[PDB]
Amino acid sequence: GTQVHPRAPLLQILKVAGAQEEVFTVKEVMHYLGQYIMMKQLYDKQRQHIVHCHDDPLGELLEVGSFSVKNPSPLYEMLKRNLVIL
Amino acid sequence: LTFXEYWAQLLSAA
């Protein structure tokens, strides 16, 4: 339920996904990240829990070329680096 | 499942 402020590179990704706010909950941040991956079709077409984020700004933040939605720790580690707790 | 379904499962956990 805590409010967070994304750092600029993360906020840019959320903005592409349609976010107009500057303060979010963690769940809302995760929501817009999924929206971004979906709109850009970064998920693997055959095994859709795999996300291929290499060569995309999201991969620069996550620091991995791909991840599994079922092994979300790279996402959470990125959030710790990119969220200011308010 | 679809990506939307997998992400919704993850989202619920946050």
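Going by the header, the method for this PDB entry is X-ray crystallography, and the resolution given is 1.2900 Å.

## A few points about the pattern of salt bridges
Residue and element names in this part refer to chain A. For the structure on display, the rule yields two salt bridges over all chains. One salt bridge in this structure joins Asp 56 and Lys 40, with 2.8 Å as the shortest N-O distance. Taken together, the residues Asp 56 in the loop between β3 (50-52) and α3 (57-62) and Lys 40 in helix α2 (residues 26-40) connect sequence positions 16 residues apart. One salt bridge in this structure joins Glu 63 and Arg 81, with 3.6 Å as the shortest N-O distance. Of this pair, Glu 63 sits in the loop between α3 and β4 (66-68) while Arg 81 sits in helix α4 (residues 73-82), and the two are 18 residues apart along the sequence. Of the residues examined, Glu 63 reaches a relative accessible area of 57% and is grouped as exposed.

## Quick notes on helix α1 (residues 8-16) of chain A
Residue and element names in this part refer to chain A. Buried within α1 are the following residues: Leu 10, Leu 11, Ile 13 and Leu 14. What you see down the axis of α1 is that its buried residues fit within an arc of 155 degrees, all on one side. Its buried side turned inward, α1 meets β1 (3-6), β2 (24-25), α2, α3, α4 and β5 (83-85). Phi for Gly 18, located one or two positions after α1, is positive at around 105 degrees.

## Looking at the interface of chain A and chain B
Of the residues lining the interface, 18 residues belong to chain A; the matching set on chain B comes to eight residues. A per-element tally of the side of chain A that touches chain B places α2(A) first, with eight residues. Residue composition of the side of chain A that touches chain B, grouped by class: twelve nonpolar, four polar and two charged.

## Digging into the packing of α1(A) against α2(A)
All names here are of chain A. For the pair α1 and α2, interaxial distance at closest approach is 8 Å and the crossing angle is 60 degrees. Crossing handedness for the pair α1 and α2: left-handed. Between α1 and α2, the contacting residues are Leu 10, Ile 13, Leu 14 and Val 16 on the first element and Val 29, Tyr 32, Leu 33, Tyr 36 and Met 39 on the second.

Rules of the game
- We count residues from 1 along each chain, following the written sequence rather than the entry's numbering, and we skip any residue without coordinates.
- Lettering for chains starts from A, numbering for ligands starts from 1, and both go in the order in which the items are written.
- To obtain the side-chain values, all non-hydrogen atoms of the structure were used and water was disregarded.
- Residues with missing side-chain atoms are left out of burial classes, side-chain pairs and their counts.
- Any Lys or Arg side-chain nitrogen found within 4 Å of a carboxyl oxygen on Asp or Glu counts as a salt bridge.
- Each helix corresponds to a stretch of at least 4 residues labelled H or I by DSSP, and each strand to a stretch of at least 2 residues labelled E; elements are numbered beginning at the N terminus.
- Only protein chains enter the accessibility calculation, which uses a 1.4 Å probe; a residue whose area is less than 20% of its type maximum is buried, one above 50% is exposed, and one in between is partly exposed.
- In this context, the arc is that of the directions from the helix axis out to the C-beta atoms.
- Working rule for contacts: check all heavy atoms of both residues, and any pair within 4.5 Å makes them a contact.
- Throughout, the ten residues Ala, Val, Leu, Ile, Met, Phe, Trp, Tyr, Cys and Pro are labelled nonpolar, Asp, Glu, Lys and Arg are labelled charged, and all others, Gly among them, are labelled polar.
- Lines fitted to C-alpha atoms define the axes here, with helix axes fitted over just the stretch in contact, and angles between the N-to-C directions of these axes take values from 0 to 180 degrees.
- Crossing handedness follows the turn of the near helix against the far one: under a right angle anticlockwise gives a left-handed crossing, and clockwise gives a right-handed one.

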